[PDB]
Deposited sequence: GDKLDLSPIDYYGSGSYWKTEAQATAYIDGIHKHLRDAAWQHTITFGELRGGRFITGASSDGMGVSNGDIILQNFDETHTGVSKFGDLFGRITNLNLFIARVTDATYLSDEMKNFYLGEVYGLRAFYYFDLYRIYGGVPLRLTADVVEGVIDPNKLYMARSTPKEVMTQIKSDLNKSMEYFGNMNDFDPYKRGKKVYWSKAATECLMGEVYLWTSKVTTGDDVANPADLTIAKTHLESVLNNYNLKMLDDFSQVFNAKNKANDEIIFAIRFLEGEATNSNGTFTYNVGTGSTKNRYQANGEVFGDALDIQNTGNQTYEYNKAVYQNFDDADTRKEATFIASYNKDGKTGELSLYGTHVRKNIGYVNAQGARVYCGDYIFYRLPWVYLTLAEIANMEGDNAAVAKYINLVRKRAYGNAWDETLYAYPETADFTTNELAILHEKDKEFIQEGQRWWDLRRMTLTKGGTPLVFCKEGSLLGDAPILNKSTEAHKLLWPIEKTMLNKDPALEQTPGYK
């Protein structure tokens, strides 16, 4: 139905902006909230927090977290349409056609992999009132799409071949990262009829090592520079969602405080000074998402990620003047203050960056038994974190044959490295207490405090997957409820 290069390229831009619009759901709703480290009730700043049912694992046919399969099928159908229209188009160069098709097959895998991890089986729309396909059928499609993505990208490793925006359009590296994520997952996790297959580890490994070796990627010396809105598309980043002042901004202000009406402003900073507007966010913020303060307290003070990620607010004892930790507030990726003095939340949403590749390879190493490589990759990330304070004697991970110690060390490094970057729920589903053993979501060792499992395996096994709404079930008789829910 199209006649020109301009139209195809416009549609590619549109595909990316719709992907931007799903970034909060991908990273925060799906990746973070069920991770066992958010508070509920009133935040430190005084406001009832959002999504409390997701956070509490309260899931059933009237508490579904998101509606309409996360509203992703509209996006998917635009990908299908692009593929149908462009596959035999004669108005694009072979190079641009193949680059675009690489992107669009990659992104169709991306969306379906979120749907598989959240729901298991879902309708397979590739070309309403369609039945859910089985998890195996969905994963077959995901993997077919990833292979087609690589086939189209071929040898084009360039991140920015048309100079439209480096690292903010999908790329060959991004597909390789996704393959690393997908094949590791299927190596370790059974969902319905899609049975864990250790043969997949080798494929994950090859693609992640390719990412390390073939794209000129490098970890930055300064953790904060990774996220800095004035240092975007830097050498550590593989693929990020672009937020741009005057076009689209994100909701990272909701992890802060409300200067207008909240209580944080009247508490204190670590130095004893009144908190006020310590982040320079004016009245742009609220505190409707907040990490349990143990997340902050888990960092050593010599770990630069601590104050890069968080600012703390304190109560001061009326008698003794002693400060006690009260709330924490996320300043990891809150953009900048513009020339007019307004806070703009245009921090990019990074989906893949290099330390993720390292900790993912660490997890593969743990599966192999390559204890030396587990330690290597953990220490690469730690050494960067501690900066000029790095001291192997205090902070280095010593190698060990104990699978559990290694798996937990990798989780706890991801827990520190990837605050607000959408990993922990996935890590809890995927990582296991022992080789071939119980998912960490069912073990007290996976919880923030170490005291009780996030899910009870004997009563809550069905809550690994998310339910769909009663109203949708009533309107669409093709659909069945996610397994095990009433």
Non-modelled portions of the deposited polymer sequence, in sequence order: 1-16, 144-155
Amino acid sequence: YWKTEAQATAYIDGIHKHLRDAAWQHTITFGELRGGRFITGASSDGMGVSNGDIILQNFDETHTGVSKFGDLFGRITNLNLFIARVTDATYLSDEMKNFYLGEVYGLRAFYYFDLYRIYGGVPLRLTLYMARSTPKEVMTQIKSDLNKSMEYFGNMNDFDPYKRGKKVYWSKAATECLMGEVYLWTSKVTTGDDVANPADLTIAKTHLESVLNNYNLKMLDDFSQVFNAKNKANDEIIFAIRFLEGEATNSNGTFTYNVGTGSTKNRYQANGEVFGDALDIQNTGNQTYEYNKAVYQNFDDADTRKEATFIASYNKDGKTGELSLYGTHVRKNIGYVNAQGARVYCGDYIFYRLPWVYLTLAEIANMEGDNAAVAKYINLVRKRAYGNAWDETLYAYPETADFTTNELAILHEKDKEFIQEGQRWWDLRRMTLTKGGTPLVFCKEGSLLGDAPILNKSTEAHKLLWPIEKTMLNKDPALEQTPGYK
From here on, numbers count along this sequence of modelled residues.
Average Cα temperature factor in the PDB entry - higher stretch of 87-95, 344-352: 87-95
Tell me which of 216-224 and 284-292 has the higher mean C-alpha B-factor in the deposited entry. 216-224
Identify, among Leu440, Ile28, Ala452, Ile419, the residue whose C-alpha carries the highest B-factor in the deposited PDB entry. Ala452
Largest Cα B-factor, entry values, listed residues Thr134, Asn252, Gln141, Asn366: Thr134
How does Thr360 rank on Cα B-factor within its chain, lowest, middle or highest third? lowest
Among all modelled residues of this chain, ranked by Cα B factor, put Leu19 in the bottom, middle or top third, i.e. lowest, middle or highest. lowest
In terms of the CA temperature factor given in the entry, to which third of its chain does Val168 belong: lowest, middle or highest? highest
Just say lowest, middle or highest third for the CA B-factor of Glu103 relative to the other modelled residues in its chain. middle
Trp425 - Cα temperature factor, lowest/middle/highest third of chain: lowest
